[PDB]
file model-v3.cif (mmCIF, C-alpha atoms)
data_coords
loop_
_atom_site.group_PDB
_atom_site.id
_atom_site.type_symbol
_atom_site.label_atom_id
_atom_site.label_comp_id
_atom_site.auth_asym_id
_atom_site.auth_seq_id
_atom_site.Cartn_x
_atom_site.Cartn_y
_atom_site.Cartn_z
ATOM 1 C CA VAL B 1 -33.356 44.162 21.772
ATOM 2 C CA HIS B 2 -33.348 40.409 22.397
ATOM 3 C CA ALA B 3 -34.260 41.048 26.042
ATOM 4 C CA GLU B 4 -36.873 43.681 25.127
ATOM 5 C CA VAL B 5 -38.788 41.521 22.648
ATOM 6 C CA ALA B 6 -38.478 38.489 24.936
ATOM 7 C CA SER B 7 -40.209 40.581 27.620
ATOM 8 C CA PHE B 8 -42.893 41.489 25.058
ATOM 9 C CA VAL B 9 -43.582 37.887 24.019
ATOM 10 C CA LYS B 10 -43.738 36.888 27.690
ATOM 11 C CA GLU B 11 -46.134 39.787 28.377
ATOM 12 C CA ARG B 12 -48.513 38.718 25.583
ATOM 13 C CA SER B 13 -48.260 35.077 26.697
ATOM 14 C CA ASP B 14 -49.484 36.097 30.153
ATOM 15 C CA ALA B 15 -52.255 38.084 28.422
ATOM 16 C CA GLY B 16 -53.674 34.974 26.710
ATOM 17 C CA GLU B 17 -52.460 36.013 23.231
ATOM 18 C CA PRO B 18 -49.604 33.478 22.876
ATOM 19 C CA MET B 19 -46.570 34.401 20.803
ATOM 20 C CA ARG B 20 -43.153 33.040 19.875
ATOM 21 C CA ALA B 21 -40.135 34.605 18.198
ATOM 22 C CA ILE B 22 -36.930 33.841 16.308
ATOM 23 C CA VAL B 23 -33.918 36.161 16.479
ATOM 24 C CA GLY B 24 -30.295 36.364 15.364
ATOM 25 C CA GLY B 25 -27.057 38.133 16.196
ATOM 26 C CA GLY B 26 -25.290 40.505 13.816
ATOM 27 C CA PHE B 27 -23.030 39.487 10.928
ATOM 28 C CA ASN B 28 -21.223 36.149 11.438
ATOM 29 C CA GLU B 29 -21.119 36.298 15.261
ATOM 30 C CA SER B 30 -19.137 33.382 16.681
ATOM 31 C CA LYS B 31 -19.208 31.322 19.889
ATOM 32 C CA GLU B 32 -17.671 34.091 22.015
ATOM 33 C CA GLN B 33 -20.684 36.312 21.342
ATOM 34 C CA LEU B 34 -23.379 33.615 21.187
ATOM 35 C CA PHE B 35 -22.625 32.180 24.645
ATOM 36 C CA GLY B 36 -22.878 35.723 26.032
ATOM 37 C CA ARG B 37 -26.190 36.354 24.279
ATOM 38 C CA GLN B 38 -27.624 32.946 25.204
ATOM 39 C CA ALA B 39 -26.875 33.226 28.948
ATOM 40 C CA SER B 40 -28.657 36.595 28.922
ATOM 41 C CA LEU B 41 -31.821 35.036 27.444
ATOM 42 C CA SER B 42 -32.042 31.410 28.605
ATOM 43 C CA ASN B 43 -35.840 31.148 28.535
ATOM 44 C CA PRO B 44 -38.524 29.605 26.262
ATOM 45 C CA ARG B 45 -40.546 31.401 23.549
ATOM 46 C CA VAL B 46 -37.352 32.729 21.891
ATOM 47 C CA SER B 47 -34.835 31.021 19.606
ATOM 48 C CA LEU B 48 -31.381 32.262 18.583
ATOM 49 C CA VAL B 49 -29.862 31.799 15.107
ATOM 50 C CA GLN M 1 -20.452 29.001 9.128
ATOM 51 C CA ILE M 2 -17.901 28.235 11.852
ATOM 52 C CA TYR M 3 -19.585 25.061 13.094
ATOM 53 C CA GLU M 4 -18.261 21.559 12.382
ATOM 54 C CA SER M 5 -19.316 18.063 13.502
ATOM 55 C CA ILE M 6 -18.977 18.882 17.228
ATOM 56 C CA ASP M 7 -19.788 22.612 17.248
ATOM 57 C CA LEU M 8 -23.380 21.799 16.284
ATOM 58 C CA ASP M 9 -23.653 19.964 19.614
ATOM 59 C CA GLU M 10 -22.413 23.009 21.517
ATOM 60 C CA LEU M 11 -25.002 25.176 19.724
ATOM 61 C CA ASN M 12 -27.863 22.712 20.179
ATOM 62 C CA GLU M 13 -27.184 21.890 23.847
ATOM 63 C CA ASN M 14 -27.052 25.619 24.614
ATOM 64 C CA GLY M 15 -30.406 26.041 22.839
ATOM 65 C CA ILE M 16 -29.249 27.845 19.691
ATOM 66 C CA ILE M 17 -30.673 27.202 16.226
ATOM 67 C CA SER M 18 -28.091 25.756 13.852
ATOM 68 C CA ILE M 19 -28.178 25.720 10.036
ATOM 69 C CA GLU M 20 -25.905 23.389 8.046
ATOM 70 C CA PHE M 21 -24.715 23.213 4.438
ATOM 71 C CA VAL M 22 -25.367 19.741 3.026
ATOM 72 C CA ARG M 23 -23.536 17.945 0.218
ATOM 73 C CA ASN M 24 -24.729 14.713 -1.397
ATOM 74 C CA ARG M 25 -23.006 12.616 -4.075
ATOM 75 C CA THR M 26 -24.198 14.955 -6.860
ATOM 76 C CA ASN M 27 -25.948 18.103 -5.568
ATOM 77 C CA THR M 28 -25.838 20.439 -2.564
ATOM 78 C CA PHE M 29 -28.446 22.281 -0.493
ATOM 79 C CA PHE M 30 -29.098 23.683 3.003
ATOM 80 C CA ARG M 31 -31.227 22.411 5.895
ATOM 81 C CA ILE M 32 -31.809 23.078 9.605
ATOM 82 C CA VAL M 33 -30.783 20.394 12.114
ATOM 83 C CA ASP M 34 -32.946 21.213 15.164
ATOM 84 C CA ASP M 35 -35.805 23.412 16.404
ATOM 85 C CA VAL M 36 -34.482 24.048 19.907
ATOM 86 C CA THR M 37 -35.449 27.260 21.709
ATOM 87 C CA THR M 38 -33.307 29.331 24.069
ATOM 88 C CA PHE M 39 -34.539 27.351 27.083
ATOM 89 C CA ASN M 40 -31.741 25.915 29.213
ATOM 90 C CA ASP M 41 -32.907 22.347 29.838
ATOM 91 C CA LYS M 42 -33.288 19.607 27.217
ATOM 92 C CA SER M 43 -35.493 17.268 29.269
ATOM 93 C CA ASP M 44 -38.733 19.255 28.898
ATOM 94 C CA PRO M 45 -39.656 19.428 25.167
ATOM 95 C CA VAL M 46 -42.621 21.743 25.756
ATOM 96 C CA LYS M 47 -40.154 24.500 26.689
ATOM 97 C CA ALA M 48 -37.220 23.299 24.560
ATOM 98 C CA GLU M 49 -38.647 22.217 21.175
ATOM 99 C CA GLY D 1 -28.435 28.144 51.048
ATOM 100 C CA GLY D 2 -29.893 31.170 49.296
ATOM 101 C CA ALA D 3 -30.845 31.344 45.619
ATOM 102 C CA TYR D 4 -27.211 30.797 44.576
ATOM 103 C CA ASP D 5 -27.161 27.012 44.247
ATOM 104 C CA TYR D 6 -26.029 27.554 40.614
ATOM 105 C CA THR D 7 -22.867 29.267 39.394
ATOM 106 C CA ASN D 8 -24.603 30.973 36.466
ATOM 107 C CA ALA D 9 -26.820 32.842 38.925
ATOM 108 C CA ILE D 10 -23.532 34.273 40.200
ATOM 109 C CA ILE D 11 -22.603 35.160 36.599
ATOM 110 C CA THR D 12 -25.745 37.210 35.934
ATOM 111 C CA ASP D 13 -25.373 39.013 39.282
ATOM 112 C CA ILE D 14 -21.705 39.866 38.812
ATOM 113 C CA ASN D 15 -22.720 41.291 35.438
ATOM 114 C CA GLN D 16 -25.243 43.514 37.270
ATOM 115 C CA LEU D 17 -22.232 45.220 38.932
ATOM 116 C CA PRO D 18 -20.778 48.490 37.555
ATOM 117 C CA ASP D 19 -17.075 47.643 37.927
ATOM 118 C CA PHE D 20 -17.143 43.880 37.168
ATOM 119 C CA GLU D 21 -18.308 41.377 34.559
ATOM 120 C CA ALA D 22 -18.558 37.573 34.595
ATOM 121 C CA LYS D 23 -18.583 35.343 31.495
ATOM 122 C CA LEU D 24 -18.992 31.568 31.288
ATOM 123 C CA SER D 25 -16.245 29.584 29.576
ATOM 124 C CA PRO D 26 -16.729 28.677 25.877
ATOM 125 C CA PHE D 27 -14.909 25.339 26.349
ATOM 126 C CA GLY D 28 -18.075 23.266 26.591
ATOM 127 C CA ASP D 29 -21.166 23.530 28.769
ATOM 128 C CA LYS D 30 -19.818 23.963 32.312
ATOM 129 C CA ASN D 31 -22.769 24.933 34.459
ATOM 130 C CA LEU D 32 -21.629 23.919 37.932
ATOM 131 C CA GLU D 33 -23.420 23.489 41.233
ATOM 132 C CA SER D 34 -22.154 26.173 43.621
ATOM 133 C CA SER D 35 -21.389 23.740 46.477
ATOM 134 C CA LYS D 36 -18.398 22.304 44.534
ATOM 135 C CA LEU D 37 -16.458 25.537 43.875
ATOM 136 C CA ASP D 38 -12.932 25.905 45.233
ATOM 137 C CA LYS D 39 -10.389 28.161 46.901
ATOM 138 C CA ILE D 40 -9.461 31.608 45.666
ATOM 139 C CA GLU D 41 -7.726 34.031 48.053
ATOM 140 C CA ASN D 42 -7.244 37.693 47.056
ATOM 141 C CA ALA D 43 -6.464 37.104 43.370
ATOM 142 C CA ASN D 44 -6.101 40.290 41.317
ATOM 143 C CA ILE D 45 -8.508 40.746 38.384
ATOM 144 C CA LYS D 46 -7.559 44.216 37.123
ATOM 145 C CA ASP D 47 -5.444 42.978 34.173
ATOM 146 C CA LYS D 48 -6.275 39.259 34.128
ATOM 147 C CA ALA D 49 -8.936 36.851 32.907
#
call {"tool": "encode", "arguments": {"input": "model-v3.cif", "output": "structure tokens"}}
result
Amino acid sequence: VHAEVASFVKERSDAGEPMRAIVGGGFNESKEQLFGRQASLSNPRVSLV
Amino acid sequence: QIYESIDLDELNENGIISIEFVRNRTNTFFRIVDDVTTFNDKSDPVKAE
Amino acid sequence: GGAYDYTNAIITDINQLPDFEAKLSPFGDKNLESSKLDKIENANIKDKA
């Protein structure tokens, strides 16, 4: 879902309706997960909690 | 929270939002330490911050 | 001399494979320029990290 919404925000940005988003990962996800989620989504207009 | 005095650097450099629990001499509260996005590079604030 | 001047571009494209996955190390930020990688010679992955 992080990839899907990131695509959406990028699509609207290209359409002249700028957007940004904040997102998180599950319940108490640690470094092992976060560094796998971050590498999959290393682009602006999204932030990971 | 898993993150200590150095883990907040690993989160921030990787572009991950980090929330800390603060303790003063008398009272406690919570605050956010950075507004970094999931962009890779730190040099360009327009993408990063 | 293609697009693969960066090791993390090799990560994302190993992860595109059905039988294989690649995952960056959690022990600090180690993005590494591909022209400084080193020898491996028929090392078995099937039950090893």
call {"tool": "axis_aligned_box", "arguments": {"input": "model-v3.cif", "around": "region 9-12 of chain D", "padding_each_side": "6 Å", "output": "AutoDock Vina command-line options"}}
result
--center_x -24.7 --center_y 35.0 --center_z 38.1 --size_x 16.2 --size_y 16.4 --size_z 16.3
call {"tool": "resolve_selection", "arguments": {"input": "model-v3.cif", "expression": "the PyMOL selection byres ((chain D) within 10 of (chain M))", "output": "list in words"}}
result
residues 26, 27, 28 and 29 of chain D
call {"tool": "write_last_selection", "arguments": {"input": "model-v3.cif", "atoms": "C-alpha atoms", "output": "CSV table (one decimal), in the frame of the given file"}}
result
chain,number,residue,atom,x,y,z
D,26,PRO,CA,-16.7,28.7,25.9
D,27,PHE,CA,-14.9,25.3,26.3
D,28,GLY,CA,-18.1,23.3,26.6
D,29,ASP,CA,-21.2,23.5,28.8
call {"tool": "residues_around", "arguments": {"input": "model-v3.cif", "residues": "region 17-22 of chain D", "least_positions_apart": "6", "cutoff": "10 Å", "atoms": "all atoms listed in the file", "output": "PyMOL selection string"}}
result
(chain B and resi 36) or (chain D and resi 8+10-11+45-46+49)
call {"tool": "write_last_selection", "arguments": {"input": "model-v3.cif", "atoms": "C-alpha atoms", "output": "compact mmCIF listing (two decimals), in the frame of the given file"}}
result
# COMPACT_ATOMS: atom_id res chain seq x y z
CA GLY B 36 -22.88 35.72 26.03
CA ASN D 8 -24.60 30.97 36.47
CA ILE D 10 -23.53 34.27 40.20
CA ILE D 11 -22.60 35.16 36.60
CA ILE D 45 -8.51 40.75 38.38
CA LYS D 46 -7.56 44.22 37.12
CA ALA D 49 -8.94 36.85 32.91
call {"tool": "interface_residues", "arguments": {"input": "model-v3.cif", "of": "chain B", "to": "chain D", "cutoff": "9 Å", "atoms": "all atoms listed in the file", "output": "tab-separated table (two decimals) with C-alpha atoms, in the coordinates of the input"}}
result
chain	number	residue	atom	x	y	z
B	31	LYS	CA	-19.21	31.32	19.89
B	32	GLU	CA	-17.67	34.09	22.02
B	35	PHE	CA	-22.62	32.18	24.64
B	36	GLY	CA	-22.88	35.72	26.03
B	39	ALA	CA	-26.88	33.23	28.95
B	40	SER	CA	-28.66	36.60	28.92
call {"tool": "residues_around", "arguments": {"input": "model-v3.cif", "residues": "region 19-22 of chain M", "least_positions_apart": "3", "cutoff": "8 Å", "atoms": "only C-alpha atoms", "output": "PyMOL selection string"}}
result
chain M and resi 1+28-33
call {"tool": "resolve_selection", "arguments": {"input": "model-v3.cif", "expression": "the PyMOL selection byres ((chain M) within 6 of (chain B))", "output": "ChimeraX atom specification"}}
result
/M:16-17,37-40,47
call {"tool": "atom_distance", "arguments": {"input": "model-v3.cif", "atom1": "CA of residue 35 (chain D)", "atom2": "CA of residue 6 (chain D)"}}
result
8.4 Å
call {"tool": "atom_distance", "arguments": {"input": "model-v3.cif", "atom1": "CA of residue 12 (chain B)", "atom2": "CA of residue 25 (chain B)"}}
result
23.4 Å
call {"tool": "atom_distance", "arguments": {"input": "model-v3.cif", "atom1": "CA of residue 48 (chain M)", "atom2": "CA of residue 9 (chain B)"}}
result
15.9 Å
call {"tool": "residues_near_point", "arguments": {"input": "model-v3.cif", "point": "(-25.9, 26.4, 38.8)", "cutoff": "8 Å", "atoms": "all atoms listed in the file", "output": "NGL selection string"}}
result
:D and (4-9 or 31-34)
call {"tool": "build_atoms", "arguments": {"input": "model-v3.cif", "residues": "region 24-48 of chain D", "atoms": "N, CA, C and O atoms", "output": "short mmCIF file (atom, residue, chain, number, x, y, z; two decimals), in the frame of the given file"}}
result
data_model
loop_
_atom_site.label_atom_id
_atom_site.label_comp_id
_atom_site.auth_asym_id
_atom_site.auth_seq_id
_atom_site.Cartn_x
_atom_site.Cartn_y
_atom_site.Cartn_z
N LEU D 24 -19.20 33.01 31.25
CA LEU D 24 -18.99 31.57 31.29
C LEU D 24 -17.99 31.14 30.22
O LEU D 24 -17.85 31.78 29.17
N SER D 25 -17.29 30.03 30.48
CA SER D 25 -16.24 29.58 29.58
C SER D 25 -16.86 29.05 28.28
O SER D 25 -17.91 28.40 28.31
N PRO D 26 -16.23 29.30 27.12
CA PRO D 26 -16.73 28.68 25.88
C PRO D 26 -16.33 27.22 25.69
O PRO D 26 -16.80 26.59 24.74
N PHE D 27 -15.48 26.67 26.56
CA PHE D 27 -14.91 25.34 26.35
C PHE D 27 -15.87 24.26 26.85
O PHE D 27 -15.58 23.50 27.78
N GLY D 28 -17.04 24.21 26.22
CA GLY D 28 -18.08 23.27 26.59
C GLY D 28 -19.05 23.85 27.60
O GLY D 28 -18.87 24.95 28.13
N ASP D 29 -20.13 23.11 27.83
CA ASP D 29 -21.17 23.53 28.77
C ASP D 29 -20.71 23.16 30.17
O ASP D 29 -20.76 22.00 30.57
N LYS D 30 -20.26 24.17 30.94
CA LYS D 30 -19.82 23.96 32.31
C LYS D 30 -20.67 24.73 33.31
O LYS D 30 -20.15 25.53 34.08
N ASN D 31 -21.98 24.51 33.31
CA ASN D 31 -22.77 24.93 34.46
C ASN D 31 -22.43 24.02 35.63
O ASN D 31 -22.33 22.80 35.47
N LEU D 32 -22.26 24.61 36.81
CA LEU D 32 -21.63 23.92 37.93
C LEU D 32 -22.38 24.27 39.20
O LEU D 32 -22.65 25.44 39.47
N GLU D 33 -22.72 23.25 39.98
CA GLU D 33 -23.42 23.49 41.23
C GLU D 33 -22.49 24.19 42.21
O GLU D 33 -21.35 23.77 42.42
N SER D 34 -22.99 25.28 42.82
CA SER D 34 -22.15 26.17 43.62
C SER D 34 -21.47 25.49 44.81
O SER D 34 -20.46 26.02 45.29
N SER D 35 -21.97 24.36 45.29
CA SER D 35 -21.39 23.74 46.48
C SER D 35 -20.13 22.93 46.17
O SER D 35 -19.63 22.24 47.06
N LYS D 36 -19.61 23.00 44.94
CA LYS D 36 -18.40 22.30 44.53
C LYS D 36 -17.32 23.26 44.01
O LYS D 36 -16.36 22.80 43.39
N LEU D 37 -17.47 24.56 44.25
CA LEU D 37 -16.46 25.54 43.88
C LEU D 37 -15.31 25.49 44.88
O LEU D 37 -15.43 24.88 45.95
N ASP D 38 -14.20 26.15 44.55
CA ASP D 38 -12.93 25.90 45.23
C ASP D 38 -12.23 27.21 45.60
O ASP D 38 -12.64 28.31 45.21
N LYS D 39 -11.08 27.05 46.25
CA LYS D 39 -10.39 28.16 46.90
C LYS D 39 -9.88 29.20 45.91
O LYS D 39 -9.19 28.87 44.95
N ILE D 40 -10.21 30.46 46.17
CA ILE D 40 -9.46 31.61 45.67
C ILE D 40 -9.30 32.58 46.83
O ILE D 40 -10.20 32.73 47.65
N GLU D 41 -8.14 33.24 46.89
CA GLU D 41 -7.73 34.03 48.05
C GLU D 41 -7.00 35.29 47.58
O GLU D 41 -5.79 35.28 47.35
N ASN D 42 -7.76 36.38 47.46
CA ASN D 42 -7.24 37.69 47.06
C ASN D 42 -6.43 37.62 45.76
O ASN D 42 -5.27 38.05 45.71
N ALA D 43 -7.04 37.09 44.71
CA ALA D 43 -6.46 37.10 43.37
C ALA D 43 -6.84 38.40 42.66
O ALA D 43 -7.99 38.85 42.74
N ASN D 44 -5.87 39.01 41.98
CA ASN D 44 -6.10 40.29 41.32
C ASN D 44 -6.72 40.09 39.93
O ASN D 44 -6.22 39.29 39.14
N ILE D 45 -7.78 40.85 39.65
CA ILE D 45 -8.51 40.75 38.38
C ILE D 45 -8.12 41.85 37.39
O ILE D 45 -8.33 41.67 36.18
N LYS D 46 -7.52 42.95 37.85
CA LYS D 46 -7.56 44.22 37.12
C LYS D 46 -6.95 44.13 35.73
O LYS D 46 -7.32 44.92 34.85
N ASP D 47 -6.03 43.19 35.50
CA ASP D 47 -5.44 42.98 34.17
C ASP D 47 -5.31 41.49 33.89
O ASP D 47 -4.33 41.05 33.27
N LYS D 48 -6.29 40.70 34.33
CA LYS D 48 -6.28 39.26 34.13
C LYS D 48 -7.68 38.74 33.85
O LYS D 48 -8.67 39.30 34.32
#
